[PDB]
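Trainee: Residue numbers (this note's numbering), protein chains in the order written: chain A, 1 to 318; chain B, 1001 to 1319.
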Amino acid sequence: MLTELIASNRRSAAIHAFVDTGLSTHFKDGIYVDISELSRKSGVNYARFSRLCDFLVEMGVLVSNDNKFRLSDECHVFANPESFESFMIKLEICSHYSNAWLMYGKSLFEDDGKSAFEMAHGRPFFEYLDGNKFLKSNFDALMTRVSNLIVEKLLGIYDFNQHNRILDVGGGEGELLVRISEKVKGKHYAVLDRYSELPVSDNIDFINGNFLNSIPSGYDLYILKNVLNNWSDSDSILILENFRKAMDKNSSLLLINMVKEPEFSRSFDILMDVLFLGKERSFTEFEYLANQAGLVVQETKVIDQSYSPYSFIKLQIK
Amino acid sequence: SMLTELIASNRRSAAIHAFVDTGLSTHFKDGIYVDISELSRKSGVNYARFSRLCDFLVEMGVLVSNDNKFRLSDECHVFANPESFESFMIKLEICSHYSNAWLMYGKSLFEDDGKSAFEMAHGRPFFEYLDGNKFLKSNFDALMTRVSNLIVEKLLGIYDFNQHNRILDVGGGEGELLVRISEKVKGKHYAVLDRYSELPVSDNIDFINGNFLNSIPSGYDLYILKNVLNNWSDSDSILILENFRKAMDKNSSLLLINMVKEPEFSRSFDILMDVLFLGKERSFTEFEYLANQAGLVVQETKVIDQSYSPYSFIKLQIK
Ligand SMILES: Nc1ncnc2c1ncn2[C@@H]1O[C@H](CSCC[C@H](N)C(=O)O)[C@@H](O)[C@H]1O
Ligand SMILES: Nc1ncnc2c1ncn2[C@@H]1O[C@H](CSCC[C@H](N)C(=O)O)[C@@H](O)[C@H]1O
Ligand SMILES: COc1cc(O)cc2c1C(=O)c1c(O)cccc1C2=O
Ligand SMILES: COc1cc(O)cc2c1C(=O)c1c(O)cccc1C2=O
Ligand code: NA
Ligand code: NA
Ligand code: NA
Ligand code: NA
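#1: For a test of your reading of the model: does the CB of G1187(B) fall under 7 Å from any non-hydrogen atom of ligand 2? Yes or no.
#2: Starting from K301(A), trace the beta strand (DSSP E) both ways and give me its first and last residue.
#3: Chain B beta carbons: is any one of them nearer than 8 Å to that of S98(A)?
#4: Fully enclosed by the stretch 172-250 of chain A, which alpha helix (DSSP H) runs are 4 residues long or longer?
#5: Which same chain residues end up closer than 6 Å to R1180(B) when comparing Cβ atoms and leaving out the 5 residues on each side of it in sequence?
#6: Are the stretch 88-108 of chain A and the stretch 56-64 of chain A in contact at 8 Å, needing three or more beta carbon pairs?
#7: Ligand 5 and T3(A): does the residue's C-beta get closer than 7 Å to at least one heavy atom of that ligand?
#8: Using the Cα positions of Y195(A) and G43(A), report the straight-line distance between them to the nearest angstrom.
#9: Would you kindly report the start and end of the unbroken beta strand (DSSP E) that includes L167(A)?
#10: Check whether the stretch 292-302 of chain A and the stretch 1021-1039 of chain B are in contact - that is, three or more C-beta pairs closer than 8 Å.
#11: Report the residue from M1248(B), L1024(B), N1066(B) and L1256(B) whose alpha carbon sits nearest the alpha carbon of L1053(B).
#12: Determine, using beta carbons only, whether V44(A) comes closer than 8 Å to chain B.
#13: If you reduce the DSSP assignment to three classes, tell me which class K68(A) lands in.
#14: Looking only at its own chain, which residues have a Cβ that is under 7 Å from the Cβ of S1202(B), when we skip the five neighbours before and after it?
#15: Do you know offhand how far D1270(B)'s Cα is from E1281(B)'s?
#16: Of the choices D233(A), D273(A), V191(A) and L154(A), whose alpha-carbon is the least far from that of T284(A)?
#17: With burial defined as no fewer than 16 other Cβ atoms inside 10 Å of the residue's Cβ, what is the status of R70(A): buried or exposed?
#18: What is the residue span of the beta strand (DSSP E) that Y310(A) lies within?
#19: Three or more C-beta pairs under 8 Å: does that hold for the stretch 1166-1173 of chain B against the stretch 1215-1228 of chain B?
#20: So which residues of chain B does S267(A) contact, with C-beta pairs closer than 7 Å?
#21: Scan the stretch 14-33 of chain A for residues whose Cβ lies nearer than 8 Å to a Cβ of chain B and list them as they occur along the chain.
#22: By the three-class DSSP mapping on this structure, what secondary structure does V1064(B) have?
#23: To the nearest angstrom, how far is it from the Cα of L1039(B) to the Cα of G1031(B)?
#24: With a threshold of 8 Å between beta-carbons, can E1288(B) be considered close to chain A, or not?
#25: Quick check on the burial criterion: 16 or more other C-beta atoms within 10 angstroms. Buried or exposed for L1229(B)?
#26: Determine the extent of the alpha helix (DSSP H) in which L1003(B) is found, giving its start and end residues.
#27: Please name the residue, chosen from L1003(B), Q1299(B) and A1117(B), that lies closest to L1254(B) on a Cα-to-Cα basis.
#28: Might you give, ordered along the chain, the residues of its own chain that have their beta carbon closer than 6 Å to the beta carbon of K1107(B), omitting 5 neighbours on each side?
#29: Rounded to the nearest angstrom, what separates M1248(B) and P1200(B) at their Cα positions?
#30: The stretch 1272-1306 of chain B: which residues have C-beta closer than 9 Å to a C-beta of chain A, in chain order?
#31: Apart from the five residues just before and just after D1160(B), which ones in its own chain have a Cβ nearer than 8 Å to its Cβ?
#32: Can you determine whether any heavy atom of ligand 2 sits closer than 7 Å to the C-beta of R1195(B), and answer yes or no?
#33: Determine which residues share a DSSP beta bridge with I256(A) and list them.
#34: Could you pull the DSSP bridge partners for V33(A) from this structure?
#35: Along the chain, which unbroken stretches of the beta strand (DSSP E) at least 3 residues long are found entirely within the stretch 97-157 of chain A?
#36: Say the cut is 7 Å; is the CB of residue 368(A) nearer than that to a heavy atom of ligand 6?
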């Protein structure tokens, strides 16, 4: 078993070959595929692609019957190139992620606050993405897709209608607030991120800002989704301090994050270390940082997403 | 979820790599419990960040956690020894050259030029490329030396090497298999053929710089071909075995020894052979077919059980 654990990478690489080529897009709506006919149609090598299909059956990605193959129920997402899972495998084993992982070991002996990613590429993750269209488009697309998947549940567990002026900080392409604004109308909607060129969307104010320097005041609802996992404890407190300075007594901050729970994998925690010198935090750790910034936890809920549990934390100023 | 953690399979390999390649794992010898605060003080590794990696290694079953200390699992004792095959395996498994080969795998399936994904990434076939890369050649040859050393006792146990006079190991690399056999089976002539820019030296071994695609030398009564055919197409595999038939007389024997594909075990190795070589992991049946096409007869077959994989042992003579 230990040699196949060492060879874990091979599972990721096999899925990449199947999905990144678009071969998986021939397996829509649970159809059984004749690999002989797929080979003639697409010009993929029959015998060598048949061998990859056998390894995908072993992995449980494909199901074998009547001398054909279908995607498993869970793996229907691989037939859709717009699926978050399609964008995830495109990034997971890309050359930039690989080269960052190869600096991980060395990064554990350095104290200069440089991520494994920065050691490999010469700039921190988001600064590097500014000059790399492959990384930025695919990463921003992944975040747009997971945002889209949480909007319904989020609207369900919190009354957005009470609020007037809403700012999503580090909101990226602004998918979260665009989808919220279609359901909760007649509000003011703003999205802050790092924009070389401002996005444009009906009734969205896009702001080019820096949440390490300042959060703009005069909003009664702030959102910070999947940002703190990219930052040290020190940088996290600084971001939360900037919220406290921007917020008055009536303001609310919705802190929304993939949350660390003992039953689930630590693999994401380690990726945040490699890419950002960040971490996946528990409810307790998030509460500690918030208290250090002079904020108080007024509500906590868990949102069950398919891939991971999510922490919903409503914060107000002390 | 299960699907997102399968997509993230690479993270397991990378975590093991960071733990072993740094030599951190060499602090966990003899199943001792390590205090990560002490290890940090001694080695200068970040306590908090290394403690998180240890928790992932516990999840994987590489480490065992008791009273805020960590030991290697019984199975993973090998990670504390930098001479172990497993140490060399993880240093190659996610190295930049293997990674870049894997990123060409999908594209390689639409080409019919007989270029491996490795050659598409690097501009030369695997072994030709290793001639100009000491990192890959030294670590690959070291891995092969370690797995050769692990099979020698079982091999001597299942075959009578003492009946033979002149022994050639073809593609024998650093010559570890014949060096270890020669310490237990004395008074013989021992030769090792491979691609040598400079000939290795070892008491009573004749190292030959050769090419088994062009010719194999006649005048030996025992020939060995271990873990070579998995690096070659069916066509090139047949050519290698024909070259043996042309080298052999009716009294010659060839021992064809290979990791063998059985349905109970993972297809992951078969796919690696495609990526690196346009090779494949073959069944007993497939090996016997290639041998028949080359004009060789199966005298004997056995299975050798190694910890990680089954091995095919096939004795061949000419028709
Ligand atoms: N200093 C900074 N100021 C503002 N935004 C920043 C920033 N550093 C990083 N970001 C942004 O932080 C985001 C992290 S990814 C999270 C995106 C979005 N909140 C979602 O959950 O889907 C990226 O969009 C990145 O561009
Ligand atoms: N054309 C060629 N002629 C001879 N040896 C070759 C060759 N092409 C590759 N090789 C050798 O084939 C070997 C494959 S790895 C097997 C090594 C050894 N027999 C063992 O089992 O441990 C390598 O040592 C490589 O250098
Ligand atoms: C670098 O990857 C991420 C960074 C984030 O800030 C947030 C997420 C990710 C992910 O990779 C990710 C993922 O692969 C699957 C589901 C969710 C996420 C993130 O939220
Ligand atoms: C390129 O990898 C190999 C080529 C071979 O001819 C034989 C082996 C290998 C391996 O990679 C390998 C491994 O990773 C772990 C255990 C055994 C082997 C090979 O025998
Ligand atoms: Na296609
Ligand atoms: Na990612
Ligand atoms: Na050469
Ligand atoms: Na040898």
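Cβ coordinates follow ideal geometry from the N, Cα and C atoms, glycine included.
Mentor: So, from the listed chains and residues:
#1: no
#2: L295 to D304
#3: yes
#4: 175-183 and 233-246
#5: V1152
#6: no
#7: no
#8: 41 Å
#9: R165 to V169
#10: no
#11: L1024(B)
#12: yes
#13: strand
#14: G1175 and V1179
#15: 5 Å
#16: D233(A)
#17: buried
#18: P309 to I317
#19: yes
#20: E1005, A1008, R1011 and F1056
#21: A14, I15, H16, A17, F18, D20, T21 and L23
#22: strand
#23: 15 Å
#24: no
#25: buried
#26: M1002 to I1007
#27: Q1299(B)
#28: none
#29: 26 Å
#30: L1272, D1274, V1275, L1278 and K1280
#31: none
#32: yes
#33: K225(A) and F312(A)
#34: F69(A)
#35: none
#36: No statement about residue 368(A) is possible, as the shown extent of chain A runs from 1 to 318 and does not include it.
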